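The values are calculated or read from the model by the stated rules, or taken from the named source; nothing here is a laboratory result. Virtual Cβ from ideal backbone geometry, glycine too; neighbours counted across all protein chains shown.
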Amino acid sequence: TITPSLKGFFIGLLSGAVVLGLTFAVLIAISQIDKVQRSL
Amino acid sequence: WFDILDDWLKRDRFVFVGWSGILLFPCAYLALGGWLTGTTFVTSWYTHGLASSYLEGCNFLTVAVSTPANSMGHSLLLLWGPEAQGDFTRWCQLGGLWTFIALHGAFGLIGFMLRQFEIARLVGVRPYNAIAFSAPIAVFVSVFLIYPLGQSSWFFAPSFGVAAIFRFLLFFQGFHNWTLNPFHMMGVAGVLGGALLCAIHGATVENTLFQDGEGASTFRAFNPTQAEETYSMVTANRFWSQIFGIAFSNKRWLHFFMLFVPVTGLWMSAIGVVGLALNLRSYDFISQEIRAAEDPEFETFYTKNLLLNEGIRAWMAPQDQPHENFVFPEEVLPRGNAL
Amino acid sequence: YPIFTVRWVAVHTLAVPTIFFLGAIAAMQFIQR
Amino acid sequence: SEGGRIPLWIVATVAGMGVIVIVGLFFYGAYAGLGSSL
Amino acid sequence: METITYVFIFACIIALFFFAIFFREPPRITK
Amino acid sequence: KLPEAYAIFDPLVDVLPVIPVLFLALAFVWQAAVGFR
Amino acid sequence: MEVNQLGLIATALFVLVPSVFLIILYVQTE
Amino acid sequence: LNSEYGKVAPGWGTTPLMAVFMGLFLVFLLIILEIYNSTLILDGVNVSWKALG
Amino acid sequence: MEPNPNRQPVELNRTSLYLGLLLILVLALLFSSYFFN
Amino acid sequence: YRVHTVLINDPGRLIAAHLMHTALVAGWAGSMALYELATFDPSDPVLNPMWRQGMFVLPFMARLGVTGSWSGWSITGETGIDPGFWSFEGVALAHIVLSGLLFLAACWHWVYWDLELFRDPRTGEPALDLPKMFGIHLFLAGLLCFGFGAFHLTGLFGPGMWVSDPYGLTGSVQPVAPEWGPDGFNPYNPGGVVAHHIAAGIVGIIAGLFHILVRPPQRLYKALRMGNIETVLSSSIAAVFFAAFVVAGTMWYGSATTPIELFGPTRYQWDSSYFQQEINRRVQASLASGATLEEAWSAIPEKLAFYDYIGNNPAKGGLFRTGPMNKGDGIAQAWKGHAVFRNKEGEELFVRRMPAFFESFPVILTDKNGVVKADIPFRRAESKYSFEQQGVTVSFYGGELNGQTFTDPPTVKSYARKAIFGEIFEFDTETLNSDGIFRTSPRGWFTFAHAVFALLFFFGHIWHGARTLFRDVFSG
Amino acid sequence: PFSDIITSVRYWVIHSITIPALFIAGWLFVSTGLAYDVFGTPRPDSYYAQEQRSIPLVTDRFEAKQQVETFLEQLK
Amino acid sequence: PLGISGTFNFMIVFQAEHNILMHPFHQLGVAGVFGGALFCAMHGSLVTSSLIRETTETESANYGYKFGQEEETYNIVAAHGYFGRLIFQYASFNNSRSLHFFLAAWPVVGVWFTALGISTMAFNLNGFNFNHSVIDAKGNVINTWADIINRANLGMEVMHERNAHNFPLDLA
Ligand code: CLA
Ligand code: CLA
Ligand code: CLA
Ligand code: CLA
Ligand code: CLA
Ligand code: CLA
Ligand SMILES: C=Cc1c(C)c2cc3nc(c4c5[nH]c(cc6nc(cc1[nH]2)C(C)=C6CC)c(C)c5C(=O)[C@@H]4C(=O)OC)[C@@H](CCC(=O)OC/C=C(\C)CCC[C@H](C)CCC[C@H](C)CCCC(C)C)[C@@H]3C
Ligand SMILES: CC1=C(/C=C/C(C)=C/C=C/C(C)=C/C=C/C=C(C)/C=C/C=C(C)/C=C/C2=C(C)CCCC2(C)C)C(C)(C)CCC1
Ligand SMILES: CC1=C(/C=C/C(C)=C/C=C/C(C)=C/C=C/C=C(C)/C=C/C=C(C)/C=C/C2=C(C)CCCC2(C)C)C(C)(C)CCC1
Ligand SMILES: CC1=C(/C=C/C(C)=C/C=C/C(C)=C/C=C/C=C(C)/C=C/C=C(C)/C=C/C2=C(C)CCCC2(C)C)C(C)(C)CCC1
Ligand SMILES: CCCCCCCCCCCCO[C@@H]1O[C@H](CO)[C@@H](O[C@H]2O[C@H](CO)[C@@H](O)[C@H](O)[C@H]2O)[C@H](O)[C@H]1O
Ligand code: OEC
Ligand SMILES: [Fe+3]
């Protein structure tokens, strides 16, 4: 049985996921596209 | 895919965004905007009774971001908080900003000491700076978290503004006589000692600089090989020794001692506050009070002060604390003759 | 040279809001009552 | 020294004076509200 | 007595002066 | 206001007395145009 | 006046222990 | 060589398993924290001394 | 008696003592009143 | 200066050191336990409970069911059948004996610090395989958690946990059963405690086994530089640091483990008029049932009214040496007296209470609607609401001690101020030469200590951490 | 920054039209009155309901929202 | 007064009589001081982090330098590199003159002003005081954070030097 604050708690997770997801996605991406100059 | 990010991310550019760079900037940015936003656009008289922003016309000094209402305790009312119910505008009316700023802002401080650790293992330097930084962070938590926790609610925590801070000061003087606390005294010691050092060190150097190092005789040069640097310890030594009487001459100590004084201080001060959080204070001298009541021809500055306080408390608590709703009849107020 | 996170974002993230406020504030100063 | 060079001591003066006009306002503005104080 | 104790700890802080300023360990360049 | 017939110039007279300060200002612009030395 | 006599013992030991302490170490040094 | 029980000598590690668990932790506390702080509200979950079964 | 995991040399110098005492007494001074009263 | 640095390299020698610190903590509980027993007051639990003496340890011994003393003295008051074979008295001997044993041993791993004995290992003499230590010590800890919650607490073995109702004092130790749903997930249903440890105990068992078997991937030695102790130190410091701030709030706010007759009341109950409320409902309820005001008050149990006196809310006290509550009020012996302040027309006046924030308050009387009727003027000249000009009267319909009526303005006034403190009591001031200034409960003291320490261990976490990961930097 | 775009004309060109576009965009943010309704920062018209000498306070932790509204309906 | 306690009194009475808190000269004062604190920690902190990592310093001993020591104690490139990477290049200081000059400039010119602050309020040119902001609507006075400052400044005025005033307004 959910009471309004249970949604919020869930929305929090979701909203956490959203910003957390985009953050990594984008960064993981920009790290590959502009690779690090190196020769060994 | 990992190490890469490590590098791309830790790539030495203009503004170093390290692993910690993720906490620091999102938080230290919002904590700034949070202030500046409300400062310029929000009113906090639904929650505090006063004028919060520029929108109502306060001067920079007056404007601030006021603390939530005492009726709410410590509920972190985030946008999706059962209380604000997602309605932004009200989430602001209620002060949901304070919490914003303190939380995000607490992590920005977390990020900034982290960023201070990163840079030391990339460059290969000592972590010391990152450690000196704990003092402020202590002061911060001590102040804005510990204290409000111990008391009735969020309301009593400093308010995010200029004047709103001065009012804090005074508040403390009246109900806590924080000035008598020994801890604030030591804190008061290091801060003034930090500035005393900063002067003598900076002036001694500048003034003991090597003669003729510049023909033109101005002083805007150096180089790496300038191993010896521009000044004398031997002369400073004797200078001090003969003027002040003492002078430990060992550069490495001088600088470290310069870490000890300021920082050592703020830790105390912060301790002192964890104490007040629990209305545990150094506001009284039993010995004196006792003889103060059995005898009316005896008075000391200790006493004269305790009088001012009650004046602070009586006059300032009914407008300053709207929730209890204090009603104080003219006569009742303490009052020196003719004023 | 190109546009980049550091140079680029940093500057406009801080620098753009400012003029929006300075603009809003400039408007305040003339309000009545 | 203006062979038609790209200016800087001008930029330095443009904004500098510009800022004075915004702040200047901020002072004027500080008059429109406290002024009805009583 | 609350007194002598604030005095006692006083005379030491001055005794420590003299002894610190006039009986300190030398700062020499023999190095 | 007691200037009578000159009435006309309150303006210029009003922003007048500040100039001594603005003298300091050019001084730095003078420097900017001369690369600071 | 009225003072808590335990202060004396407190304030005296504060003076001695850390002091004694350091006094022991400055002798081993030499 | 997967001889018997799961073997991974140094390997990138057992980070994902762990990472998954520190995750079920942070979610745990927040809940706790919110309930204790009365930011969460459940049936029969009264946070006053009065709660007596 | 025959173990070498330890670096067995403890030192405090003349100067370190002066600052050591200067702290304890001053420190004591301050607090004195509080313990007492 | 650095000296305890020497122990970093040797295990058997460092296990000695660690033994003595542990030997002193056992010998401290003795001093403390013993000291408390010689000082404690048995005479009356209702008006002079342990939290008023300023007893510190006693509370936790009670918490887990230690109530007897070899001399008969029990906190429940019912001693006709008390024979705890190992009570406080004996618990003292325990810790002291323990302190003793541990001590002697220390000496013999400090003198006998080599790895050449009757042992079976995994270790090369100049090393200690941490990730294995953890698993080993872990499993055996998780096993404990299990028992403590399963047997101890559930009555399987008798030392049930201590329980209490919302308000009063009807709490005695009784077995506690855990209800795993949510209702018992919060901090108040002891079921949350019992359930916890059982569950966490199991997880510890598992987690142990699987921390003993798998070994550090590459994060432990490569990232968290774990070849040396240093990290075990920083690692753990932050854990305790975390716990110290948990307990601290636990104490101050109150949880199932921070009951009432063990540590006293809370500031949250004072600002909440939590007591005044229950008290009121006991009067409108009984009053409506055919009793006279006099009768109703004389009904409501007194301990309940005591909890209402403000002197029982952690009020003031940075430095107040013995700080037991009693050198404040004095020894309380009184009544559940309600002072009813009526006017000349019979209207019932209501006095405003003093907020735990102020050190001093201005005696003021309000009407039932919020109106201002009486006050105690400072500037008597242009006074208008005096007590004499409006004639007030105090009439006590309270616990036995005072069921009468008063008129004089000097007398009447006195109570107004003593009213401001909530309920009114009488204290045996003379037995301890109380000065008459408020002091703080073990709660405030337990908190102020544990929060500062924790704050203080934050530096400890960050110092040793960085000093761990910058070996070479340390050397410069 | 040694003056990098600080000297070119494109920098002035793309901003000469950009910055005065926020300077204004903002100004209209205040003249239009979105601030007030988006932020809820009562205007001089709406502080006290004529002859309502009390200050809106907030009491219930859960009714903050319905409380606040109760205050806006009043002024109207 | 030449006592600890009275120092406090002088302070209190002082801002209740001249309202200093809101005076730039005491504001720069807090700037000068909180300045010196932040800098005396910064300098000595960095100077300590960028030391000559390899000079006779082991993990059991730590012994000093003496003028005879050429290269001095630390690698300034490491410090200038550190600080520069924490914020930005400009932010860091290139040479030792600008560093130590700053250390003696901030504090001194802060107190320069404060010491003036007092001297300026010695002849009654007290700090700011924004006592009223209104709602011309009805003229309803709205209290600005600064008024609750005047509410405290008030209580104290009333009782400073109790019973030594015979007339209504203090004039000195
Ligand atoms: C979890 C427990 C813990 C443990 C095992 C250690 C262990 C160690 N610490 Mg760490 N430390 C801790 C917590 C801990 N610390 C915390 C919480 C802090 C924050 C303050 C620190 C701060 C700290 C610093 C700043 C330093 C160490 C150092 C050291 C090493 C010191 C060896 C030495 O020379 O000691 C010598 C110790 C003493 C002579 C003891 C002095 C006793 C104290 C100061 C008196 C306290 C009195 C108090 C005010 C009230 C009165 C007391 C009453 C009983 C009368 C050792 C590895 C040192 C190091 O690594 O050096 C290279 C070092 O410099 N520690
Ligand atoms: C966990 C760390 C630890 C370790 C590695 C050791 C290791 C050792 N101990 Mg020590 N001990 C410890 C903790 C530890 N002890 C503690 C906390 C105490 C205080 C209770 C003692 C008390 C102690 C005593 C009194 C004696 C030893 C002895 C010994 C040596 C025994 C020979 C052997 O190989 O046994 C093989 C055993 C193991 C690998 C398992 C050790 C596991 C636990 C800690 C031991 C529990 C045993 C306990 C002492 C028995 C109580 C009696 C019981 C009837 C209630 C061995 C070097 C003997 C010695 O020669 O020292 C002078 C001895 O007489 N120990
Ligand atoms: C023989 C075993 C033994 C026993 C039965 C006791 C029993 C008792 N002790 Mg004693 N003690 C012991 C050994 C023992 N002690 C030792 C070796 C020492 C050190 C010398 C002490 C030091 C000591 C002190 C200083 C005090 C006591 C006190 C007490 C009483 C405490 C009641 C309480 O609520 O504790 C509560 C205990 C806790 C809250 C511990 C919680 C542990 C942390 C939070 C767990 C962290 C978990 C871990 C990291 C991870 C697990 C994960 C999981 C998944 C597996 C109780 C009678 C107190 C007293 O009143 O004295 C008379 C007291 O003040 N004891
Ligand atoms: C590490 C966590 C932990 C802790 C801190 C404690 C702490 C405590 N236990 Mg518990 N216990 C635990 C785990 C723990 N226990 C587990 C896992 C079990 C199941 C194996 C038990 C089983 C248990 C029993 C059976 C008893 C305790 C008791 C006690 C208290 C003893 C004080 C003391 O040390 O006296 C020093 C020594 C003694 C008191 C000797 C007790 C003698 C043995 C252990 C039991 C004999 C049983 C007998 C039928 C009981 C008569 C007593 C009567 C009051 C019912 C103390 C609060 C005792 C208590 O105070 O009773 C209410 C008690 O009788 N505990
Ligand atoms: C967990 C820690 C702890 C706690 C919370 C308590 C709590 C309490 N004790 Mg116990 N006590 C403890 C440890 C503790 N004690 C220890 C280890 C001992 C030694 C065995 C005692 C011995 C003891 C005795 C003998 C008595 C108490 C009493 C009391 C009660 C006193 C009320 C009070 O006013 O205290 C007052 C608190 C203070 C004065 C602390 C002031 C803070 C310090 C001194 C400041 C130090 C300054 C700073 C650190 C130095 C400068 C730093 C430098 C770096 C610049 C209280 C319940 C009394 C009692 O039982 O009541 C009947 C009592 O008579 N205690
Ligand atoms: C936690 C946040 C916080 C913040 C952000 C502030 C901020 C401020 N406080 Mg407040 N304060 C706080 C908490 C805070 N305070 C608390 C908890 C208390 C206790 C209740 C106080 C008590 C207090 C008092 C009593 C006073 C202030 C004052 C001030 C102002 C001081 C100006 C100053 O010189 O500072 C010191 C810092 C510096 C001098 C330097 C800051 C660094 C600058 C920004 C760097 C500029 C460098 C540039 C970017 C690069 C150049 C590169 C170079 C190489 C050329 C400032 C606006 C004072 C004031 O004047 O009020 C209006 C004042 O009197 N505060
Ligand atoms: C007036 C008080 C004071 C201020 C304003 C201040 C400020 C600063 N100190 C820094 C550093 C330091 N300060 C240090 C020691 C000290 N600093 C001291 C006192 C101060 N230090 C003292 C007394 C010491 C001695 C212990 C050290 C050792 C360092 C550094 O290493 C570091 C540096 O690099 O030096 C320049 C900078 C850290 C930036 C950051 O971490 O952002 C991250 C976080 C942000 C932006 C926000 C967190 C959220 C907080 C709660 C909100 C603040 C928002 C305000 C309320 C809004 C603006 C208000 C206006 C009135 C200004 C920052 C400029
Ligand atoms: C809230 C929010 C948000 C957003 C926002 C932000 C982030 C903002 C920011 C903002 C900002 C950031 C703003 C600003 C403004 C500013 C201004 C308005 C300024 C001004 C200035 C000036 C005027 C200056 C000057 C000067 C001079 C003249 C001299 C001396 C020095 C100085 C420098 C002081 C989001 C969506 C995320 C979400 C959550 C919420
Ligand atoms: C003829 C005439 C007259 C006269 C006039 C005069 C005498 C004038 C003057 C004027 C002036 C005298 C002016 C000035 C101006 C100035 C300015 C406008 C300036 C500016 C500047 C700037 C902008 C700068 C910059 C900078 C730099 C360089 C560096 C550092 C920083 C800064 C940014 C600050 C009269 C009226 C009687 C009338 C009749 C006619
Ligand atoms: C060997 C043995 C024995 C015996 C034993 C004994 C008799 C013991 C004792 C022990 C003891 C008798 C111990 C003690 C300890 C103590 C301690 C460990 C303490 C500590 C303290 C502290 C830590 C303090 C604190 C403080 C102060 C004083 C001031 C203010 C602040 C504070 C809080 C910091 C027997 C016959 C059974 C058998 C065989 C073996
Ligand atoms: C469907 C209904 C669900 C009920 C949800 C809970 C509603 C609140 C009930 C409070 C009943 C009071 O009893 C006690 O009150 C005090 C507040 O005075 C609480 O304390 C709580 O509020 C105070 C202030 O508002 C906060 O600072 C504190 O962090 C918080 O925990 C105690 O934890 C509670 O035990
Ligand atoms: Mn020392 O003081 Ca200058 O304020 Mn008014 O006058 Mn006398 O009363 Mn106080
Ligand atoms: Fe220097």
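Anything in region H:2-53 that is at the interface with another protein chain (Cβ under 8 Å from one of its Cβ atoms) and charged (D, E, K, R)? List them, or say none.
Hits for region H:2-53 are H:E34, H:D43, H:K50.
Any residue in region B:265-279 that is more than 30 Å from L:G32 (Cα to Cα) and not aromatic (F, W, Y)? Lay out the reasoning, then the answer.
Here is the first cut: in region B:265-279, the ones more than 30 Å from L:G32 (Cα to Cα) are B:278-279.
Filter again for not aromatic (F, W, Y), leaving B:278-279.
Within region B:265-279, one or more residues are more than 30 Å from L:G32 (Cα to Cα) and not aromatic (F, W, Y).
If you take the residues of region B:46-93 that are under 23 Å from K:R53 (Cβ atoms) and of a type in the set (A, V, I, L, M), which of them is farthest from ligand 9 (Cβ to nearest atom)?
Kept after step one, since they are under 23 Å from K:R53 (Cβ atoms), are these residues of region B:46-93: B:46-52, B:56-58, B:66, B:69-71, B:93.
Among the residues that remain, those that are also of a type in the set (A, V, I, L, M) are: B:50-51, B:69.
Values: B:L50: 36, B:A51: 33, B:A69: 44 Å.
The qualifying residue farthest from ligand 9 (Cβ to nearest atom) is B:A69.
Matching residues to (1) within 16 Å of ligand 10 (Cβ to nearest atom); (2) of a type in the set (F, W, Y); (3) surrounded by fewer than 16 Cβ atoms within 10 Å (Cβ to Cβ):
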{"site": "J:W28", "(1), (2), (3)": "yes, yes, yes"}
{"site": "J:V46", "(1), (2), (3)": "no, no, yes"}
{"site": "J:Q53", "(1), (2), (3)": "no, no, no"}
{"site": "J:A62", "(1), (2), (3)": "no, no, no"}
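Kindly check whether there is at least one residue in region B:29-42 that is at the interface with another protein chain (Cβ under 7 Å from one of its Cβ atoms) and more than 23 Å from the chain's Cα centre (by Cα).
The answer is yes, given that some residue of region B:29-42 is at the interface with another protein chain (Cβ under 7 Å from one of its Cβ atoms) and more than 23 Å from the chain's Cα centre (by Cα).
Give the residues of region B:244-285 that are more than 16 Å from ligand 6 (Cβ to nearest atom), aliphatic (A, V, I, L, M) and either in contact (Cβ under 8 Å) with a residue 24 or more places away in the chain or more than 15 Å from B:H201 (Cα to Cα) (or both), sorted by residue number.
Listed by number, the residues that qualify are B:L254, B:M258, B:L259, B:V261, B:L278, B:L280.
Just to be sure I understand the filter: pairs with C-beta atoms under 7 Å, separated by 6 or more residues or on different chains, first member in region B:192-217 and closer than 10 Å to L:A104 by Cβ and more than 16 Å from ligand 12 (Cβ to nearest atom), second member of a type outside the set (A, V, I, L, M, F, W, C) and assigned to a helix (DSSP H, G or I). Which pairs pass?
So the pair list comes out as B:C198/L:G36; B:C198/L:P107; B:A199/L:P107; B:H201/L:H100; B:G202/L:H100; B:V205/L:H100; B:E206/L:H100.
State the number of residues belonging to region B:246-268 that are part of a helix (DSSP H, G or I) and away from ligand 7 (no atom under 16 Å from the Cβ).
Narrowing region B:246-268 to residues part of a helix (DSSP H, G or I): B:252-268.
Of the ones still in play, those that are also away from ligand 7 (no atom under 16 Å from the Cβ) are B:252-254.
Total satisfying the criteria: 3.
Can you go through L:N131, L:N126 and tell me which one is surrounded by 14 or more Cβ atoms within 10 Å (Cβ to Cβ), away from ligand 12 (no atom under 16 Å from the Cβ), more than 30 Å from L:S45 (Cα to Cα) and more than 9 Å from chain B (Cβ to nearest Cβ)?
Working: L:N126 fails: away from ligand 12 (no atom under 16 Å from the Cβ).
Exactly one residue qualifies, and that residue is L:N131.
Per-residue answers, yes or no, for (1) more than 7 Å from chain B (Cβ to nearest Cβ); (2) over 20 Å from B:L170 (Cβ atoms); (3) in contact with a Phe, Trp or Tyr (Cβ under 8 Å, 6 or more places away or on another chain); (4) among the aromatic types (F, W, Y):
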residue	(1), (2), (3), (4)
L:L2	yes, yes, no, no
L:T7	yes, no, no, no
L:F10	yes, no, no, yes
L:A16	yes, no, no, no
L:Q27	yes, no, no, no
L:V33	no, no, no, no
L:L38	yes, yes, no, no
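Would you mention how many residues in region B:38-77 are free of Cβ contacts under 8 Å to residues at least 12 places away in the same chain and either over 25 Å from K:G33 (Cα atoms) or assigned to a helix (DSSP H, G or I) (or both)?
1
Restricting to region B:205-245, and then to whatever is farther than 21 Å from L:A78 by Cα, of a type in the set (S, T, Y) and assigned to a loop (DSSP other than H, G, I, E, B), can you tell me which residue is nearest to the other protein chains (Cβ to nearest Cβ)?
B:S232
Are any of the residues in region J:312-335 over 24 Å from the mean Cα position of the chain (by Cα) and either within 26 Å of B:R281 (Cα to Cα) or surrounded by fewer than 20 Cβ atoms within 10 Å (Cβ to Cβ) (or both)? Walk me through it before giving the result.
Restricting attention to region J:312-335, the residues satisfying the condition of being over 24 Å from the mean Cα position of the chain (by Cα) are J:334-335.
Filter once more, keeping what is either within 26 Å of B:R281 (Cα to Cα) or surrounded by fewer than 20 Cβ atoms within 10 Å (Cβ to Cβ) (or both): none.
No, region J:312-335 has no match at all.
Does J:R63 fit the bill of being touching a helix residue (DSSP H, G or I) at 6+ places or on another chain (Cβ under 9 Å), assigned by CATH to the domain that holds J:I15, charged (D, E, K, R) and more than 14 Å from ligand 4 (Cβ to nearest atom)?
On the way: touching a helix residue (DSSP H, G or I) at 6+ places or on another chain (Cβ under 9 Å): yes; assigned by CATH to the domain that holds J:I15: yes; charged (D, E, K, R): yes; more than 14 Å from ligand 4 (Cβ to nearest atom): no.
No.
Counting only residues that are among the aliphatic types (A, V, I, L, M) and in contact (Cβ under 8 Å) with a residue 12 or more places away in the chain, which one in region J:364-405 is farthest from the other protein chains (Cβ to nearest Cβ)?
Quick first cut of region J:364-405, residues among the aliphatic types (A, V, I, L, M) only: J:364-365, J:371-372, J:374, J:376, J:381, J:392, J:394, J:401.
With the extra rule that they be in contact (Cβ under 8 Å) with a residue 12 or more places away in the chain, the set shrinks to J:364-365, J:372, J:374, J:376, J:392, J:394, J:401.
On the way: J:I364: 7, J:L365: 11, J:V372: 6, J:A374: 10, J:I376: 7, J:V392: 15, J:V394: 20, J:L401: 28 Å.
Filtering first and then ranking leaves J:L401.
Please find, among B:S142, B:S134, the residue that is under 16 Å from the mean Cα position of the chain (by Cα), more than 30 Å from K:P56 (Cβ to Cβ) and surrounded by fewer than 21 Cβ atoms within 10 Å (Cβ to Cβ).
Values: B:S142 fails: surrounded by fewer than 21 Cβ atoms within 10 Å (Cβ to Cβ).
The match here is B:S134.
State the number of residues belonging to region J:284-303 that are assigned to a helix (DSSP H, G or I), among the hydrophobic types (A, V, I, L, M, F, W, C) and either surrounded by fewer than 18 Cβ atoms within 10 Å (Cβ to Cβ) or at positive phi (or both).
Final tally of qualifying residues: 3.
Which of the residues spanning region J:149-170 are assigned to a helix (DSSP H, G or I) and either within 16 Å of ligand 8 (Cβ to nearest atom) or surrounded by 18 or more Cβ atoms within 10 Å (Cβ to Cβ) (or both)? Walk me through how you get there before you give the answer.
So in region J:149-170, the residues assigned to a helix (DSSP H, G or I) come out as J:149-152.
Scanning region J:149-170 gives J:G149, J:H152.
If I ask for residues that are touching a helix residue (DSSP H, G or I) at 6+ places or on another chain (Cβ under 6 Å) and within 14 Å of chain D (Cβ to nearest Cβ), which ones from region B:43-58 would you list?
So in region B:43-58, the residues touching a helix residue (DSSP H, G or I) at 6+ places or on another chain (Cβ under 6 Å) come out as B:46, B:53-55.
Scanning region B:43-58 gives B:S53, B:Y54, B:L55.
Within region B:174-193, count every residue that is at the interface with chain L (Cβ under 7 Å from one of its Cβ atoms), of a type outside the set (S, T, Y) and over 15 Å from the mean Cα position of the chain (by Cα).
Result for region B:174-193: 1.
Condition check: within 23 Å of the chain's Cα centre (by Cα), assigned by CATH to the domain that holds J:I75, surrounded by 18 or more Cβ atoms within 10 Å (Cβ to Cβ) and part of a helix (DSSP H, G or I). Does J:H109 satisfy that? Outline the logic, then answer.
Numbers: within 23 Å of the chain's Cα centre (by Cα): no; assigned by CATH to the domain that holds J:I75: yes; surrounded by 18 or more Cβ atoms within 10 Å (Cβ to Cβ): yes; part of a helix (DSSP H, G or I): yes.
So J:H109 fails the test.
When the residues of region K:1-55 are narrowed to those that are part of a helix (DSSP H, G or I) and among the small types (G, A, S), which ends up farthest from D:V11 (Cα to Cα)? Steps first, answer last, please.
First pass over region K:1-55, keeping only residues part of a helix (DSSP H, G or I): K:4-7, K:9-16, K:20-32, K:34-40.
When the remaining residues are screened for being among the small types (G, A, S), the result is K:16, K:21, K:25-26, K:31, K:35, K:40.
Numbers: K:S16: 13, K:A21: 20, K:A25: 24, K:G26: 24, K:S31: 31, K:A35: 33, K:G40: 40 Å.
Once the filter is applied, the top-ranked residue is K:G40.
Have a look at J:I420, J:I437, J:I424 and point out the one that is in contact with a strand residue (DSSP E or B) (Cβ under 6 Å, 6 or more places away or on another chain), closer than 30 Å to G:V3 by Cα and among the aliphatic types (A, V, I, L, M). Break it down stepwise before answering.
Details: J:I420 fails: in contact with a strand residue (DSSP E or B) (Cβ under 6 Å, 6 or more places away or on another chain); J:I437 fails: in contact with a strand residue (DSSP E or B) (Cβ under 6 Å, 6 or more places away or on another chain).
Every option except J:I424 fails the conditions.
Within region K:21-38, take every residue that is within 8 Å of the chain's Cα centre (by Cα) and closer than 20 Å to C:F30 by Cα and give me the one that is surrounded by the most Cβ atoms within 10 Å (Cβ to Cβ). Walk me through it before giving the result.
First pass over region K:21-38, keeping only residues within 8 Å of the chain's Cα centre (by Cα): K:29-30, K:33-38.
Cutting the leftovers down to closer than 20 Å to C:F30 by Cα gives us K:29-30, K:33-37.
On the way: K:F29: 19, K:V30: 23, K:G33: 11, K:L34: 12, K:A35: 21, K:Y36: 18, K:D37: 10.
Among them, the one singled out is K:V30.
Let's see how each residue does on (1) facing chain H (nearest Cβ under 9 Å); (2) in contact with a strand residue (DSSP E or B) (Cβ under 9 Å, 6 or more places away or on another chain):
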site: J:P190; (1), (2): no, yes
site: J:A200; (1), (2): no, no
site: J:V203; (1), (2): no, no
site: J:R215; (1), (2): yes, no
site: J:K222; (1), (2): yes, no
